[PDB]
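The lines below spell out each chain.
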Amino acid sequence: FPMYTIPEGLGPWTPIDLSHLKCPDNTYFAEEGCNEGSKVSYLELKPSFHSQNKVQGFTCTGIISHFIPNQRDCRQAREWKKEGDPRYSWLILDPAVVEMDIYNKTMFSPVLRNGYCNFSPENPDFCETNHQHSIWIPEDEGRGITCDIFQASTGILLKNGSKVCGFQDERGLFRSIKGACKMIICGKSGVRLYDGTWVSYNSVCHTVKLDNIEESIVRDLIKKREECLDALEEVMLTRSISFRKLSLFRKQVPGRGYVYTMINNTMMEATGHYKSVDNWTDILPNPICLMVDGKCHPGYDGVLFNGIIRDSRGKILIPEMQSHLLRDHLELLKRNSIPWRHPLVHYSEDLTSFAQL
Amino acid sequence: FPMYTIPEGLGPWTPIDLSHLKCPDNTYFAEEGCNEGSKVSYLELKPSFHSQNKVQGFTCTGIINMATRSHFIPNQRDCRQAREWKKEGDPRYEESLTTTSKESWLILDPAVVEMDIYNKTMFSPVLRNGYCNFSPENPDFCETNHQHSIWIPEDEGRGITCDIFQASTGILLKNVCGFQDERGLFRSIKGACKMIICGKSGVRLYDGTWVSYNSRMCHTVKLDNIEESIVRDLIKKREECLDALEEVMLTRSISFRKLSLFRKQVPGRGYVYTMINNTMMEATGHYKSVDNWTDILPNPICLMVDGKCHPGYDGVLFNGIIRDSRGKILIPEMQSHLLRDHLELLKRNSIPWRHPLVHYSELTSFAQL
Amino acid sequence: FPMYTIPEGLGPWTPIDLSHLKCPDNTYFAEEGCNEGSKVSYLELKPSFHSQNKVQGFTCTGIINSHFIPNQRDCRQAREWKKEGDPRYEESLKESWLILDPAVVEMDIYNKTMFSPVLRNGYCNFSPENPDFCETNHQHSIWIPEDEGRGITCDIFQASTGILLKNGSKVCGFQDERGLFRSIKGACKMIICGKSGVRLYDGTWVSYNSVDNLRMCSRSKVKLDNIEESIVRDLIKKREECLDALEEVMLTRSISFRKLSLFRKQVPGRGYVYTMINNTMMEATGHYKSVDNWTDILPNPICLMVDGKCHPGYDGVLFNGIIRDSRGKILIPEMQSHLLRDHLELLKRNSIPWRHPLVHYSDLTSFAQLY
Ligand SMILES: *[C@@H]1O[C@H](CO)[C@@H](O[C@@H]2O[C@H](CO)[C@@H](O)[C@H](O)[C@H]2NC(C)=O)[C@H](O)[C@H]1NC(C)=O
Ligand SMILES: *[C@@H]1O[C@H](CO)[C@@H](O)[C@H](O)[C@H]1NC(C)=O
Ligand SMILES: *[C@@H]1O[C@H](CO)[C@@H](O)[C@H](O)[C@H]1NC(C)=O
Ligand SMILES: *[C@@H]1O[C@H](CO)[C@@H](O)[C@H](O)[C@H]1NC(C)=O
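1. Quick notes on the overall build of chain B
Summing up its helical and strand segments, chain B has five helices and 25 strands in all. The principal-axis extent of the C-alpha atoms belonging to chain B is close to 85 × 50 × 40 Å. For chain B, the residues scored as buried account for 51% of the 369 residues in total. When the accessible surface of chain B is summed, it comes to about 18800 Å², and 51% of that surface belongs to carbon and sulfur atoms. Charge centroids of chain B, computed over 43 positive and 46 negative side chains, lie 2 Å from each other.

Here it is in structure tokens:
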């Protein structure tokens, strides 16, 4: 476990719900007798693609007693309110972020009926929401779907004579072949590696295979994960989080993983390629500049990503780093409120509780 | 400490308050010089007995209306009448409706209390001074911290019974150091003493289990005969469960993850907690070591306890175990070791009920009902 | 780290806010080749000095309509009628002053600036334009100290006698009158109330000028590089555990006597001592010493030995998590935990209710629910 990790080539931020935060996958396999290879021109996935499984949406509830709304007017209602004249009819409650896999494009969320939904002839452009009379709609009719998900990059396919022991990234990251498998995405053939990255290079598929690891390291990963899950348990309870606690969601080993922040009291997600950091100067060459992708990362409203913030005098507070310095800071400790809980998440079975709005 | 641990002989559930959660005693002692012996036949304690510490009950509060509101000290007789009306759907609701005056007995339940199984002394924060004793001046009821609110057990008999033994067969091992369960789990004489229960002759072992045979200071643990590293881990584990308990009592919610911290990590007698009807539930069981998940999970959807797949309640089992939507058995410790996160195991499950007369300081605000 | 730790020469209690809880400094430096030296007779700091950071105060709000800006002593007169009884409560039911207290503020004891969220933009300085009060983030509410002199004083010194230790003619450390070695590592020279002396790394000052102290002190208000790795990351475990304790207090406005004991200094030396009275948190200051055997401090189940005398406590609460049960047994959280003896009274989350309305405030007004 390096002292620290910092994302390389960070993707754009997507707003998410609290329930979307996931504890990092901290597995990383070493390089042994596998160092030489041939440079392989291959395309891999752009960082936005890994934020394609979060589809923005709103919900719609009709009334005079509640009635079953239909998509067309729900949209023009949702298009108003985005600027406001009538304010009522169809009650529009947002954000309603859902997950969806790239393959069947199935949607998954507690606000959707039976936990999930699939666009069908009977619902071509909406989901039912296990409410009496509320239907869920995405914010882009096309659900931010696209296949412009690849870019050119140069790596080295690693020799072991004839056989392939692994891969090495354009960044330099050794990614092994231990948990690699072959899979087409968007009509291109490529390899799917344990780490999460997909690469286009062809030779010869949530879970985790953990049989070839020393007890000591599999115990440490379980330690790490449980720590993070307690924090998640408490974030979900209190709808709040401290920048300290948020740092437990930072992928602790080099590799692809999520990067988390808070903007406008909403949790935000992006994808990056994590690189080991050995010296605080390597990412803070002076106290006021967090170096990410060769640029000072400015942040927003004093908040960078992954629990990093900026104090009252402009200095960067990296939780892990302050903690190793025994220098406590109330700003790292204060609970940041994430108020929004969507009404129809915990809903069951003349006018609902969301008569409030 | 075994990988996991599963109850044998799982007794019936009784409802408890969150405060009755009790972090397990994880002490278990070795067999290093006690080979074989003669199979003896004996009486041990039915699990239900170990739940005689808890006595279900309710509370009753006199209610005088207005005219054009007030408090009186009712008697058990028609508190019990109004309580029974509340159990079936008699218009006891009409009672709590609003010169002209109305008398009503406001029933508030559950009010589970703790009881000295011998003193028969009940303990609660609802009882006046946190305890109560039946007397000729209160034959069948108790006083609370509210002068106009009485406490009454649901069973006039407070489940006091002596039908608490029954027949079991095991092995007395020769050296004589201890006895082997009908479950085959060694118990040592280490930390044992003598005592009489329902007039009977028997020994109590460190486990607390009682067996009928003979070949006397008697709750406590001494833990001297324990190496440093182990007692550190016992403390480590216990403090970890106490953290869970503190947050449970505060938040009045509990996640199945954390619920698993109350299971006895070692074989022997201990409690088994589950959640039925939005209420904590307690039963007693004899715990058995587990070395391979497939011994309890003959397939993904069957949890093996007392020979049968446990059906579980509301797709939820005990000790933090649940069923997913398809029936898959989620055992927290198991999932955790596979690095497989489940929100079902993380959602804080609400145990909302909090009795008004707990920590009440001498018409009342608790009264709009 | 000693099994436990007990405050010697315990000063008085100052009511603090929850946010004023601080996680201890568990550093301590051993002796190597620093055995004996010359006895000395010095001045050291009264423990109350270390709570001079906390200036009590109240806020006075002018009601007539709160639409009236109150004069400073239209407010003290109102506040002193709250302290006792009087018509105060009858103005609240033409000109009247709603008093809202406590309103503790931190103060830098040299430039005398006060800081708190009830103050305008979170801080305050006296000026000829407010020689005896402060502004709030509400235009009709001022803030006023409880003492005109904000606890300022130079009567902060006490006479005690130490041992000045020698390796060579180089001085390596002191031995306070309690007996506890305090090294010279990270010591500096400073002037308090016009006396000059050395500030040792433990938060203590003694008047006694020694050689090789050519550098003066920067901020009274830690750093640490020459310590065993194992030790430094042990300390980080303790700090982090205390910081978690604190994150939940601030959120929930409550704390258990289990949790509270995580704030006690794990090593001998100057440290804060915390308790609750009257549903308010409370800080004091003492010179902690190692406890090696519980009976040293618990000679008998009902008496906790602090400064020769049994500590009475207040409402069954003595400090640092120590409480008295229904019998009057002394429950030291650490001691109960090592015996695996659970007690609900330790787990119980004790409420710290008070939230002064004017914290981050931004006709008539809403918190004016007549009090
Ligand atoms: C007194 O000294 C303190 C330094 O401890 C100064 O504190 C700063 O005050 C500004 C506003 O006045 C705050 O925004 C800063 O956060 C404070 N810094 C610290 C370190 O507390 C204070 O300004 C000084 N006052 C005077 C009059 O010199
Ligand atoms: C946050 O809110 C402000 C105010 O409405 C808005 O202008 C801003 O664009 C929002 N944040 C981002 C990242 O756009
Ligand atoms: C029963 O025992 C408890 C302590 O174990 C005591 O508080 C209670 O008063 C006793 N009552 C009687 C009647 O012995
Ligand atoms: C606590 O409150 C009482 C008044 O009820 C008062 O007499 C006592 O001095 C207070 N003690 C402290 C330490 O504040």
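2. So, the packing of aromatic side chains
A full pass over the atoms with the stated rule returns 26 aromatic pairs over all chains. Note on B:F29 and B:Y206: the rings are 4.9 Å apart at their centroids and 40° apart in plane angle, and the pair reads as tilted. Overall, B:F29 belongs to the buried group, its relative accessible area being 16%. In this structure B:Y206 comes out as buried when scored by relative accessible area, which is 14%. With a centroid separation of 5.9 Å and 75° between ring planes, the pair formed by B:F262 and B:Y273 is classed as edge-to-face. You can see B:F262 sitting in the loop between α4 (256–259) and β19 (268–276) and its partner B:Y273 sitting in strand β19, a full 11 residues away along the chain. Overall, B:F262 belongs to the buried group, its relative accessible area being 2%. Overall, B:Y273 belongs to the buried group, its relative accessible area being 1%. Members of the aromatic cluster, joined through ring pairs, are A:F249, A:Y258 and A:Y260. The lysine or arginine in question, C:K195, covers the ring of C:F157, its NZ or CZ lying 5.9 Å from the ring centre.

3. Comments concerning the environment of B:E143
All names here are of chain B. Tracing the backbone through its elements, the reader meets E143 in strand β10 (residues 142–143). Sequence separation of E143 and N119 is 24 residues, and the distance between their C-alpha atoms is 18 Å. Ignoring sequence-local partners within four residues, the contact set of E143 consists of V126, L127 and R128.

4. A closer look at the site of ligand 1
All names here are of chain C. Surveying the vicinity of ligand 1 reveals the residues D108, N111, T113, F115, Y123 and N125. Side-chain polar atom of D108 to an oxygen atom of ligand 1: 3.4 Å apart, as the coordinates give it. Its free accessible area being 560 Å², ligand 1 has 37% of it covered by the protein chains. Considered class by class, the residues forming the shell around ligand 1 number two nonpolar, three polar and one charged.

5. Some points on the interface of chain A and chain B
The interface is formed by 15 residues belonging to chain A together with 14 residues belonging to chain B. When residues of chain A are sorted by the area they lose upon contact with chain B, A:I222, A:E233 and A:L237 head the list and together hold 37% of the total. If you look at where chain A meets chain B, you find six salt bridges. For A:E226, the salt bridge is made with B:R257, and the minimal N-O distance between the two is 2.8 Å. Scanning the region where chain A abuts chain B turns up eight residue pairs in polar contact. For the side of chain A that touches chain B, the per-class residue count stands at nine nonpolar, one polar and five charged.

6. A short note on a nonpolar patch on the surface
Residues and elements named next belong to chain A. Taken together, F67, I68 and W90 make up a surface patch of nonpolar side chains, about 280 Å² in accessible area. Relative to the helices and strands, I68 resides in the loop between β6 (66–67) and α1 (71–79). Given a relative accessible area of 57%, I68 falls into the exposed group.

7. Some thoughts on the nonpolar core
B:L21, B:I254, B:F262, B:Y273, B:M280, C:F263 and C:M281 are the most contacted members of the largest nonpolar core, which has 48 residues in total. Put simply, the parts of the chain that give this core at least two residues each are α3 (228–251), α4 and β19 of chain B together with α2 (229–252), α3 (257–260), β19 (269–277) and α6 (344–347) of chain C. By residue number, the principal contributor to this core is α3(B), which donates six residues. Once you skip the residues sitting within four places of it in the chain, B:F262 turns out to touch B:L21, B:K22, B:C23, B:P24, B:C241, B:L245, B:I254 and B:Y273.

8. A word on the domain arrangement of chain B
Each assigned domain of chain B is listed here: domain 1 (4–27 + 225–350), domain 2 (32–52 + 162–220) and domain 3 (55–160). One C-alpha centre belongs to domain 2 of chain B, the other to domain 3 of chain B; they are set 40 Å apart.

9. Let's talk about the interface of chain C and chain A
Each partner contributes residues to the interface: chain C has 17 residues there, and chain A has 16 residues. For the pairing of chain C and chain A, the buried interface totals around 1500 Å² over both sides, and the portion due to carbon and sulfur atoms is 55%. Inspection of the chain C/chain A interface yields six salt bridges. Between C:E247 and A:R244 there is a salt bridge whose closest N-O contact spans 2.8 Å. Joining chain C to chain A, the criterion identifies nine residue pairs in polar contact. Among the residues making up the side of chain C that touches chain A, the classes are represented as nine nonpolar, one polar and seven charged.

10. As for the site of ligand 3
Residue and element names in this part refer to chain B. Neighbouring ligand 3 are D116, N119, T121, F123 and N133. At 3.4 Å, a side-chain N or O of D116 approaches an oxygen atom of ligand 3. At 2.3 Å, a side-chain N or O of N119 approaches an oxygen atom of ligand 3. For ligand 3, whose unbound accessible area comes to 370 Å², protein coverage reaches 41%. Along the lines of polarity and charge, the residues of the shell around ligand 3 split into one nonpolar, three polar and one charged.

11. What to know about the state of the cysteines
The bond known as a disulfide is covalent and runs between the sulfur atoms of two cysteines. On inspection of all chains with the given rule, the structure shows 21 disulfides over all chains. Bridging A:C289 to A:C296, the disulfide has an S-S length of 2.0 Å. Negative torsions about the S-S bond denote left-handed disulfides, and the value of about -115° found for A:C289 with A:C296 makes this one left-handed. Among the residues examined, A:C289 registers a relative accessible area of 5% and is labelled buried. A:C296 gets classed as partly exposed once you look at its relative accessible area, which sits at 47%. Note on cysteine connectivity: C:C60 is disulfide-linked to C:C75, with sulfurs 2.1 Å apart. Disulfide C:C60 to C:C75: torsion about the S-S bond roughly -65°, handedness left-handed.

12. A few points about the sheet that holds strand β4 (residues 54–55) of chain C
Residues and elements named next belong to chain C. Ordered by their spatial adjacency, four strands build an open sheet running β4-β7-β8-β9, and the pairing between neighbours is antiparallel. The open sheet has two edge strands with one neighbour each: β4 and β9 (123–124). Where β4 meets strand β7 (residues 105–107), two bridges bridge the pair, whose relative direction is antiparallel. Bridge pairing in β7 links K54 to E106.

13. Here's the deal with a positive patch on the surface
A cluster of basic side chains, namely A:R313, A:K315, A:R327, C:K22, C:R219, C:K221 and C:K223, defines a positive patch on the protein surface. Within the secondary structure, C:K22 sits in the loop between β2 (14–16) and β3 (36–45). You can call C:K22 partly exposed: its relative accessible area is 43%.

14. Some words on the side chain of A:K54
All names here are of chain A. Examined against the element boundaries, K54 turns out to sit in strand β4 (residues 54–55). Of the polar contacts made by the side chain of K54, one reaches the side chain of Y258; its length is 3.2 Å. Discounting chain neighbours no more than four positions away, the residues touching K54 are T14, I16, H20, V97, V98, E99, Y258 and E269.

15. Concerning the environment of A:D293
All names here are of chain A. If you trace the backbone, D293 turns up in the loop between β22 (290–292) and β23 (295–297). As a C-alpha pair, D293 and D278 span 15 residues in sequence and 16 Å in three-dimensional space. If sequence neighbours within four positions are ignored, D293 has contacts with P7, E8, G9 and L10. Within the local environment of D293, its side chain forms a polar contact with the backbone nitrogen of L10, the two atoms lying 3.2 Å apart.

How each quantity is defined
- Positions are assigned from 1 on a per-chain basis following the written sequence, which can diverge from the numbering of the entry; residues without coordinates are not listed.
- Labels are handed out in written order, letters beginning with A for the chains and numbers beginning with 1 for the ligands.
- With hydrogens and water stripped out, all remaining heavy atoms of the structure feed into the side-chain values.
- Residues with missing side-chain atoms are left out of burial classes, side-chain pairs and their counts.
- The way it works is that DSSP assigns letters per residue, a run of H or I at least four long becomes a helix, a run of E at least two long becomes a strand, and they are numbered from the N terminus.
- Each residue is placed in one exposure class: buried if its accessible area under a 1.4 Å probe, protein chains only, is under 20% of its type's maximum, exposed if it is over 50%, and partly exposed if it falls in between.
- Where accessible areas are quoted, they stem from the Shrake-Rupley method and a 1.4 Å probe; at the residue level, only the protein chains shown are allowed to cover.
- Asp and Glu are treated as the negative residues and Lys and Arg as the positive ones, with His and the ends of the chain left uncounted.
- Where a charge lies is defined by one atom per residue type, namely NZ (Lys), CZ (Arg), CG (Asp) and CD (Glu).
- Any two rings among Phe, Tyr and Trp, with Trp reduced to its six-membered ring, count as a pair given centres within 6.5 Å; such a pair is stacked if its planes are under 30 degrees apart, edge-to-face if over 60, and tilted if neither.
- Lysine and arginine charges are scored as sitting over a ring when NZ or CZ, respectively, is within 6 Å of the ring centre and within 35 degrees of the ring normal.
- Contact definition: two residues touch when any of their heavy atoms are within 4.5 Å.
- Whether a residue is near a molecule or strand depends on its heavy atoms: if one lies within 4 Å, it is near.
- Polar contacts here mean pairs of N or O atoms no more than 3.5 Å apart (in protein, one a potential hydrogen donor and the other a potential acceptor; neighbouring residues in sequence count only if both atoms are side-chain atoms).
- Note on residue classes: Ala, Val, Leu, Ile, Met, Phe, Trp, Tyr, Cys and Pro are nonpolar, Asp, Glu, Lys and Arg are charged, and everything else, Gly too, is polar.
- Buried surface area refers to the total accessible area, computed with a probe of radius 1.4 Å, that the two partners give up upon joining, counted for both partners together.
- Salt bridges are defined by distance alone: a side-chain nitrogen of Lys or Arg within 4 Å of a carboxyl oxygen of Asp or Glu.
- A residue counts toward a patch only above 30% relative accessible area and without a salt bridge, and it is joined to like-charged neighbours within 9 Å or, for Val, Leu, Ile, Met, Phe, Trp and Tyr, to nonpolar neighbours within 5 Å.
- Residue types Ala, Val, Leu, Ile, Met, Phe, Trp, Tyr and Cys, when buried and joined through side-chain atoms within 4.5 Å, form a set referred to as a nonpolar core.
- Domain borders in the structure are assigned automatically or taken from a domain database.
- We call a pair of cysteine sulfur atoms a disulfide when they lie within 2.5 Å.
- Any two strands between which DSSP finds at least two bridges are classified as paired.

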